[PDB]
Amino acid sequence: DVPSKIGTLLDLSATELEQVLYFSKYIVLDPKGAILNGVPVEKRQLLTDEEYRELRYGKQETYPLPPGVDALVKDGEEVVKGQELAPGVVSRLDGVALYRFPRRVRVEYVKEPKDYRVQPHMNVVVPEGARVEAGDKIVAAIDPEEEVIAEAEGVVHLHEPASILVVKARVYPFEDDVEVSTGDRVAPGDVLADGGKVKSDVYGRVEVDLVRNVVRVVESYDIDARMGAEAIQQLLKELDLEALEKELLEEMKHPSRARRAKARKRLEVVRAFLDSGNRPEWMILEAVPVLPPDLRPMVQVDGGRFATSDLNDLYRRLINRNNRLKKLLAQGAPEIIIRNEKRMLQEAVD
Amino acid sequence: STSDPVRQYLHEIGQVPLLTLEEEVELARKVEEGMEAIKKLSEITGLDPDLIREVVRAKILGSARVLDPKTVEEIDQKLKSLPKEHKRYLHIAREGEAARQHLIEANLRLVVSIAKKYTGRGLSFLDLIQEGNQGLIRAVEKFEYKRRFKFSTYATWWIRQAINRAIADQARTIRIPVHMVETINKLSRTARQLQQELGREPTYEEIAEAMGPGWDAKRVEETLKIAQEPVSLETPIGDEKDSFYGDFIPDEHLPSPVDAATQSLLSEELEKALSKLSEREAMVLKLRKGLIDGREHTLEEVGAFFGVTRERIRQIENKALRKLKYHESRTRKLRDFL
DNA sequence: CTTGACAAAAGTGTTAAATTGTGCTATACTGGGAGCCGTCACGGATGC
DNA sequence: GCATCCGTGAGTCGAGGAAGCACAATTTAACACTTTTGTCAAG
């Protein structure tokens with residue numbers, strides 16, 4: 001309803017409100033010391049999906065090497081932007097380079113560059129440059145008949161990666177048990193493993209690689225950004241109408257007529273809530289009233305046929321979508337699915 | 001498109017690259033390994049396997065998701081207090097839980113391709129996609145990579161099943177059980193085949209014969225009567241949309257002014273007729289016929305109020321009923337109400 | 001007013017159908033589909 | 001100032017009314033029996 005009451009109180013444009021309410025952009029509620037492109041992130045800032053993903057999960061990219069070729073970089077070596085990983089592929093961000101699926105493992109027996117072939121249904125169980133005593137497993141497979149083990153002692157070398165993963169992270173080697181787990185979030189100075197011998201020096205998401213027995217901290221921030229009416233209700237609950245009115249009144253003395261014209265429009269809405277006793281967050285619905293059944297009847301006509309009102313169909317859609325969202329939340333469904341369900345629930349209420 | 005929910009959803013699912021053969025196998029193996037690791041964790045700590053998986057899932061999904069968080073943090077700490085050999089299963093559980101999320105997110109195009117073939121059957125395109133997504137989540141739970149079958153071959157079964165069950169459960173205002181929905185669909189197919197073979201609409205006898213044993217013309221007709229959707233009360237009638245079905249349907253629940261008055265007139269006349277009776281005879285009839293408390297009392301219950309035996313109450317009521325009959329005959333002021 | 005037969009008149013309790021809810025299929029399948037189009041007034045809001 | 005956009009408004013009565021199956025779980029139906037209730041004649 002132009003001009004929107006929610007937008008006027010929160011100072012959001014018609015487009016900005018729609019983007020948040022229908023899950024197109026994020027709105028920052030707690031930057032958590034997040035920096036985006038060299039600038040600190042500030043509260044009430046709108047983030048696109050790519051910006052949120054970069055801030056919340058970091059920067060990484062996978063480059064598929066052509067079959068047969070061998071990369072010019074080793075597993076676990078830092079790269080810079082523009083560096084050539086393989087003979088024909090060049091990275092676009094600096095970070096740790098990781099072999100995704102090594103197609104050939106070349107062990108060096110001591111008495112001998114024996115080689116073994118790696119297939120998609122097989123996975124290597126040892127890191128690069130590892131000494132293998134005669135008998136230890138090297139490449140695992142579904143069928144033990146094709147499983148690969150080491151006849152004698154040697155050094156395992158991995159070659160021919162299926163693709164190269166460039167991840168902006170910090171690699172922390174460890175020897176004893178790690179005090180963190182995959183998915184945990186850490187801040188500088190937090191202990192990672194070995195009783196404080198290894199500690200985080202940057203924000204990020206901690207992921208433990210047991211094959212490489214290292215701790216990777218994917219540089220990222222624990223920023224609090226949300227979409228939909230849950231974010232808007234968070235802003236509307238935080239409003240101090242007393243404080244907002246005082247600021248608006250001060251801006252009512254600005255020389256410009258447009259500034260005072262806008263301030264009057266905002267303060268008229270602020271005054272309405274202050275005088276009536278209503279709360280701004282009541283403009284977001286948590287419980288939806290249901291009309292009495294006799295005002296939306298499902299009646300049997302003289303011929304025995306049933307006639308019903310349109311409100312029953314609109315209620316059924318909202319209930320079906322609400323129930324489905326509860327099931328998806330109980331299943332721990334990915335964020336993409338949940339966002340679609342929440343966006344559909346908002347539309348069903350509308 | 002901000003205005004188009006479907007275009008917005010397609011763009012979002014297009015931001016996750018498709019999985020290759022090697023990528024799919026590792027994700028499936030990690031999911032399989034994580035579930036085995038979770039089962040071992042429950043055995044070692046004795047905790048409920050569901051609780052362990054929920055705690056692991058909460059840690060992976062992060063703090064952006066609304067058992068309170070403190071209990072999760074407590075179970076997380078207890079798991080992390082295990083020795084290194086037992087912490088290895090916790091690491092495997094976390095990796096497997098993350099793999100489950102990426103395997104699901106990478107196959108959201110598969111549901112859309114399957115779901116576009118089910119439109120026009122009562123559910124909207126986005127409703128079909130979300131129901132299909134639920135089958136895709138179920139497929140990841142049961143998919144077995146040891147069999148060397150690709151994910152789409154096994155997942156397509158669950159995606160279709162979820163969409164079809166959703167249609168059977170949500171496509172009608174008056175829900176018909178799934179088994180009855182199957183009967184309706186089969187009957188429509190049989191009639192359509194007969195119609196294209198007889199060069200006309202088949203009768204119930206032809207449809208019943210083609211359906212098989214246990215079917216007759218009566219059953220075919222009752223099933224067709226069962227499958228009639230309600231009509232909208234707001235459907236327009238006429239070229240100018242100012243009249244609707246609801247404007248022509250009378251209300252037959254509330255009594256009419258004429259019905260209410262005749263009920264009140266009868267009560268007044270019956271009250272006067274009961275005046276000619278004795279003080280106790282009127283009470284007996286009013287108690288037995290439910291003219292006082294609203295509900296009929298019995299001879300024994302009536303006797304309980306008055307302290308008389310069951311047989312006597314029956315006779316006194318009968319005499320009073322005979323009295324009233326005599327009065328009515330001599331006046332005939334109460335026969336019109338019958 | 002009782003006082004004992006009586007008989008349905010009704011209710012309680014199992015049991016077996018009949019109905020209904022639910023899980024499951026293993027070649028590989030991976031981003032939709034329908035508008036299309038002859039009116040004219042006003043505010044009011046924003047793109048600036 | 002300014003276009004361009006969207007949103008709201010445009011007479012009254014009347015007459016026309018597309019899986020299939022398996023199996024488990026729940027509900028409905030049909031007995032069975034006992035337990036009121038209603039009459040009876042008395043007494």
Side-chain angles (χ1 to χ4, degrees), chain A residues 1-4 13-15 258 262 265 301-303 307, chain B residues 1 4-19 21 24 106-122 124-126 128-129 132 135-136 138-139 142-165 167-169 175-186 188-189 192 231 235-240 242-250 288 296-303 306-318:
Chain A
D1 180 72
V2 298
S4 73
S13 176
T15 81
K262 184 177 179 180
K265 292 181 176 64
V301 298
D302 188 74
Chain B
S1 187
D4 202 3
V6 176
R7 183 182 290 270
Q8 211 194 309
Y9 179 64
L10 296 183
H11 174 268
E12 295 172 1
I13 78 179
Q15 305 309 330
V16 191
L18 288 168
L19 287 182
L21 177 80
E24 168 181 316
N107 301 277
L108 295 185
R109 297 168 165 112
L110 184 56
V111 58
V112 169
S113 78
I114 294 179
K116 68 173 177 182
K117 295 183 286 186
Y118 284 79
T119 64
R121 300 173 51 170
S124 66
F125 189 34
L126 281 172
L128 299 176
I129 295 183
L136 163 62
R138 183 92 196 104
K142 290 192 58 60
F143 176 81
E144 303 185 336
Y145 84 106
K146 292 290 210 311
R147 306 201 186 191
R148 284 189 166 84
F149 296 109
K150 289 188 75 174
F151 185 72
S152 64
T153 196
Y154 184 62
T156 302
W157 278 109
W158 286 103
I159 302 180
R160 290 191 308 237
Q161 175 270 331
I163 303 189
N164 202 8
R165 194 74 90 198
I167 293 179
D169 281 316
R175 201 192 47 95
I176 307 201
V178 172
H179 80 269
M180 197 64 224
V181 166
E182 305 173 347
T183 295
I184 294 181
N185 294 338
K186 175 170 208 274
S188 295
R189 258 196 306 100
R192 188 175 71 238
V231 65
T235 61
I237 67 166
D239 277 354
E240 58 185 340
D242 45 8
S243 185
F244 302 92
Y245 283 11
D247 304 355
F248 300 79
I249 303 180
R288 272 277 275 152
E296 293 179 352
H297 298 122
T298 188
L299 281 73
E300 191 277 333
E301 190 174 2
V302 159
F306 304 154
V308 182
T309 50
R310 300 166 61 241
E311 160 58 3
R312 173 54 171 174
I313 299 300
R314 162 178 164 266
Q315 287 179 354
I316 64 170
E317 170 201 2
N318 186 328

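Protein chains get the first letters and strands the later ones, always in sequence-line order, with residue 1 at the start of each.
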Interatomic distance, [X] [atom1] vs [N] [atom2] [rounded to whole Å]:
X        : N      : atom1 : atom2 : value
B:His179 : D:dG20 : NE2   : P     : 16 Å
B:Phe143 : C:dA26 : CZ    : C1'   : 8 Å
B:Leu110 : C:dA28 : CG    : P     : 13 Å
B:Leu128 : C:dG32 : CG    : P     : 14 Å

To the closest 0.5 Å, what do you measure between CD1 (B:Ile129) and NZ (B:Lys116)?
11.0 Å
By nearest-nucleotide position on DNA chain C, the 5'-leaning member of B:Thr156 and B:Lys142 is B:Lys142
Once the angle between the rings of B:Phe143 and B:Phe151 is folded into 0 to 90°, is it parallel (under 30°), tilted (30 to 60°) or perpendicular (over 60°)?
perpendicular
Ring-face cation contact, B:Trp157 with B:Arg160, 6.0 Å cut, 45° max
yes
Check for me whether C:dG32 and C:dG33 meet both conditions: six-membered ring centres under 5.5 Å apart and planes under 30°.
yes
Mark yes when both conditions hold for C:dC37 and C:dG38 (six-membered ring centres under 5.5 angstrom, interplanar angle under 30 degrees), and no otherwise.
no
NA contact type, [X], heavy-atom cut-off 4.0 Å: base, sugar-phosphate, or nothing?
X        : answer
A:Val2   : nothing
B:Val111 : nothing
B:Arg138 : sugar-phosphate
B:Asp4   : base

Closer than 3.5 angstrom, by distance alone: can the side chain of B:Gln315 be matched with the main-chain N or O of B:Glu311 as a donor-acceptor pair?
no
Both B:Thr298 and B:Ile249 contact DNA chain D. Taking the nearest nucleotide for each, which residue is further toward the 5' end?
B:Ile249
Assign each of B:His297 and B:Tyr118 to its nearest nucleotide of DNA chain D by heavy atoms, then name whichever residue's nucleotide is nearer the 5' end.
B:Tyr118
Identify all stems in which DNA chain C takes part, counting only runs of at least 3 consecutive pairs (Watson-Crick or G-U wobble, each distance under 3.5 Å), and give each as one range with another, ordered by first number.
C:2-18 with D:26-42, C:20-25 with D:19-24, C:41-48 with D:1-8
Quick check for you: among C:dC1, C:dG31, C:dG32, whose closest atom lies nearest to any side-chain atom of B:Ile13?
C:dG31
Could you check which of C:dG32, C:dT22, D:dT39 has an atom nearest any side-chain atom of B:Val178?
C:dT22
Stacking between B:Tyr154 and C:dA26, defined as ring centres under 5.5 angstrom apart with planes under 30°, is that present or not?
yes
Do A:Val301 and B:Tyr245 make a side-chain contact, defined as non-hydrogen atoms from C-beta onward lying under 4.5 Å apart?
no
